[PDB]
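Chain residues, written in single-letter form:
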Amino acid sequence: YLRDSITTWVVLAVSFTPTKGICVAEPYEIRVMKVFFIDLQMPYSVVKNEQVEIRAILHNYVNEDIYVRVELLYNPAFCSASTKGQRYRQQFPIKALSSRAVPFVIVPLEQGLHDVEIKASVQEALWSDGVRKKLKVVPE
Amino acid sequence: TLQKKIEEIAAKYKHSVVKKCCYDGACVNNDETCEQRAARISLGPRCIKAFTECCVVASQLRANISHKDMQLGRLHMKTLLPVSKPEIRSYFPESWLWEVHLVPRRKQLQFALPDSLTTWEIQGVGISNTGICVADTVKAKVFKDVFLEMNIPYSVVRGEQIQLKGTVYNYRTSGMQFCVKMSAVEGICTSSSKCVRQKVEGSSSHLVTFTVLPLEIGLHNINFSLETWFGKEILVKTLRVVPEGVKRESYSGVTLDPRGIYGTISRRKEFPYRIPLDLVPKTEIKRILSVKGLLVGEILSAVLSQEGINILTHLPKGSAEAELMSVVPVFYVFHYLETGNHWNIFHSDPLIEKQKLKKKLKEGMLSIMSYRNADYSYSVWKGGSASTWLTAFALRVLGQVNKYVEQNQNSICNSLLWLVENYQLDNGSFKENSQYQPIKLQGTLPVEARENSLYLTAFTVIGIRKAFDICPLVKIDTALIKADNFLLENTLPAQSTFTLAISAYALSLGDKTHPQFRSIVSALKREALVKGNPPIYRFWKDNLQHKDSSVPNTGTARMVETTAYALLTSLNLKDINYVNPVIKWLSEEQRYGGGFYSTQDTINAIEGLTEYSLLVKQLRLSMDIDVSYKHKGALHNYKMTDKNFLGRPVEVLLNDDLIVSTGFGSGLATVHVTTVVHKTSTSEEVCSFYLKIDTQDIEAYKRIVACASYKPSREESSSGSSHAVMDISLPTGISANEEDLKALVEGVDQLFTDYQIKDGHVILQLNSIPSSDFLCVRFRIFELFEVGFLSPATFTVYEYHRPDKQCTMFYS
Ligand SMILES: COc1cc(C(=O)O)c(NC(=O)N[C@@H](C)c2ccccc2OC)cc1OCCCC(C)C
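Residues numbered from 1 in each chain as written, not as in the entry; some residues may be left out. Chains lettered and ligands numbered in written order. Part of a larger assembly, values for the part shown. Heavy atoms only, no water.

- Looking at the method and resolution fields of the entry, one finds cryo-EM and 3.35 Å.

- Per the PDB entry, chain B goes by the name Complement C5 alpha chain and belongs to Homo sapiens.

- In the nomenclature of the PDB entry, chain A is known as Cobra venom factor of Naja kaouthia.

### Re the state of the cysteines
All names here are of chain B.
Right, so step 1: Evaluation of the coordinates by the stated rule reveals seven disulfides over all chains.
Right, so step 2: Disulfide pairing is shown between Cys21 and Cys47; the S-S distance is 2.0 Å. Between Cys21 and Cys47, the S-S torsion sits near -100 degrees, and that sign places the bridge as left-handed. Here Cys47 lies in helix 3 (residues 45-59) and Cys21 lies in helix 2 (residues 19-23), a separation of 26 residues in the sequence.
Right, so step 3: Take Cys47: its relative accessible area is 2%, and that puts it in the buried class. (Disulfide = S-S within 2.5 Å. Helix = DSSP H or I, 4+ residues; strand = E, 2+ residues; numbered from the N terminus. Buried < 20%, exposed > 50% of the residue type's maximum accessible area, 1.4 Å probe, protein only.)

### Describing the site of the ligand
Residue and element names in this part refer to chain B.
Right, so step 1: Near the ligand lie 16 residues; those nearest to it are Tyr23, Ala26, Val28, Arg62 and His67.
Right, so step 2: Backbone polar atom of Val28 to an oxygen atom of the ligand: 3.1 Å apart, as the coordinates give it.
Right, so step 3: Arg74 is positioned such that a nitrogen or oxygen atom in its side chain is 3.3 Å from an oxygen atom of the ligand.
Right, so step 4: Of all the secondary structure elements, the ones that give two or more residues to the shell around the ligand are helix 1 (5-11), helix 3 and helix 4 (67-76).
Right, so step 5: If you tally residues by element for the shell around the ligand, the top one is helix 4, at five residues.
Right, so step 6: Classifying every residue of the shell around the ligand by side-chain character gives 11 nonpolar, three polar and two charged. (Near = heavy atom within 4 Å. Polar contact = N/O pair within 3.5 Å; in protein donor to acceptor, adjacent residues only side chain to side chain. Nonpolar A, V, L, I, M, F, W, Y, C, P; charged D, E, K, R; others polar.)

### Quick look at the interface of chain A and chain B
Right, so step 1: With nine residues of chain A at the contact, the number on the chain B side is 14 residues.
Right, so step 2: Approximately 900 Å² of surface area, both sides summed, lies buried where chain A meets chain B, with 57% of it carried by carbon and sulfur atoms.
Right, so step 3: Together, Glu124, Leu126 and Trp127 of chain A form the three largest contributors to the area buried by chain A at its contact with chain B, with a combined 58%.
Right, so step 4: Our count for the contact surface shared by chain A and chain B stands at zero salt bridges.
Right, so step 5: At the junction of chain A and chain B, the tally comes to four residue pairs in polar contact.
Right, so step 6: Looking at the side of chain A that touches chain B residue by residue, the classes come out as six nonpolar, no polar and three charged. (Contact = heavy atoms within 4.5 Å. Buried area = accessible area lost by both parts, 1.4 Å probe. Salt bridge = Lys/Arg side-chain N within 4 Å of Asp/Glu carboxyl O.)

Dropping the structure here:
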């Protein structure tokens, strides 16, 4: 099974036969890719109680002009813009074959490793991507 | 397997000359018995006994023998066939990117890949001063992983709940998800568009069903946009919506002549907007006006316009005659611009446009290379028996192209020596080989058999005299004298004016100085018909005057052919005064496009419009021709001169009347109007055929049965009709089992002669429809897609050379 990353995996087979020695095969590349997705570039570590902005690019590799609702899902160990009963949704159009940087202001509260989950879906269409990534929060 | 008899009855005919007669005897014909279908075999009694003694041994061997057993004997009987015919089961499109280019060390050119799913290969060959360099090939593999295509039907009747079937395909091994939505238009009433997620299995397909109900009539637009995991692709489809009922096309022609050269004056004409009785509602009556310069100006606009139209687009293909009518209107244009020396019209290089006309005269010469037998004889249908009628018509056509395209010399030479050496009697009269009937002549059978022999030799002399200047050997002129004697010693008295005129024309290519010859031409002038005083119109008729004393309008194909034969025997005798009312009548009964009624009165009646068009010199045809409606304003007009006289035939949209205005000027031009109505019923027409068509459920499958029977005209023989065409229009969503129609034309016991399923029509040609019993066609159908409110379709038979001898029945 493929993992959830939209990257290019490189598989690498290295054999060992007792009379044929070692043979390192050439790299074979698997190219995981979908058309409407969320790239969540995250820092390696962010400081506890210090307010940081986390951008989330939305790529739209579809020749149609789309309409998308992006929701920053609630987290109890955060102090984000999403309340407990109401999430922080925002709707906007994206042009055909373009990106849209969606910035999310988040100040962490508890140390450790917590989830930053973002869900986005196109209006009256099929494509819909959600991304959960962990965030490293350290004290100092 | 191969129980006992199958191995013995096939090995007996393993190396027989009539093994194929046994092969199609064992084919399944459920509704015809063994002798009932053996009677229509005409290949001698040796082929009949090989037929019947392989027919009776399979009906016995289908009673108590297994289904598994007999379909192994269908493969054992395969070796009684001729060897496997060259066929391909694929259609490769016309190859694009076929050009040369001068490349100064780098060149870029852009193009749209065609709408096809196939892996192209682009190769390049570079010829320069150093040598040749075949480049490394590149591929252009247009390949979608998940794609739909819709099965849009060709022709949807207005007012039907059409189910638009389509199928998504998924080449990928992992099954995935998709949704298809449809662009609703203002015309389409479909039962912002929601996406409902269906799912295709891996390496499989999935059906997609929509439903429409069209209201507006025309060419609409529907966009099917499959949005799968790999993007969104719009597939653009055009759904044509068609009215209901038969389509009737009526015509009208006027010759503009402001100076009144060859008759009385003609400076005005109105066009009455007669709305007929049994019309469909809500559909406009469409008209098309066409205004052409010369007498041949309607003919030139067929050949010089690149729309690709024929003269007889209404009449079906499949004959060899229909392949000779693709070289005729190119020829009678080339007989005009070369003999009359009119190469000063074109704004292009006239030596270049001469090559494109000689192109089509060379393409059309190849079209009956395939209907030629091994003994250089011409057979009517593909693989059918030879005919003396077609060879005389193949030598008439090819003997005329010789002055403008160089023929093959020996090709005509063995062909002329087949007519004179095999099928000509001791008294000059020719005879026929097959049972082909080109025309139907009147009178009873002993009176008709003389009359049929007279037409058959008089059609042959035209084939000889047009080809006598190619292969002039001594035998074919030795035959011509008794051929000309038989056309003297028996045609008077003539029992039909049609055979009297073709007897007079066939003798009008040789000795025109006999005391019997002008006895015919005076008797041919005796039974002419005149309009007005002095005669503004002249034409002839199929009937003698003493048996039928009527002079009607809306003449038939026997009227236009007999008129042109009396014309061309009086253009070879060069009588200008007698034929001036004939040219005015003939060039007004011509339809729009160049085409006349049928084939045989178009080859004979464009030569009359070209052997008389080589009498009219440069007339300064420059008018400000204007047309308008009466209670409306004019559409437009234009400076119609000798520079542009091949102008575009205009469309008439408004439902008023029409008046074409020539005031002063000079010239001799023509005005033709086609009206295209759609009707509901046809009972007020003249059905010359008994028709009945049923849809019955067979049990072996919904089958369709359609029978036909010739109503004979009065004072005719009761033998049966000539070459006839059965045209079953299929209802919407219904497709015809083509393997059931192949089994009616491929045997030696063939009922019909050729079939073609063309745009949802089922067109069947046939040598003869009898008058005693019906002639039924039986093929299965299947409901290809679901259609509610199914509008009824039509069923027409008509003779091929007399397309007004018809009858029409509605069915569903
Ligand atoms: C070209 O000769 C055949 C054509 C056909 C053809 O399909 O037309 C054929 N088919 C056939 O018997 N079907 C079977 C299943 C059947 C059985 C009982 C009733 C009706 C049937 O048919 C619908 C057999 C044929 O030759 C076999 C040996 C005859 C020779 C050796 C004398």
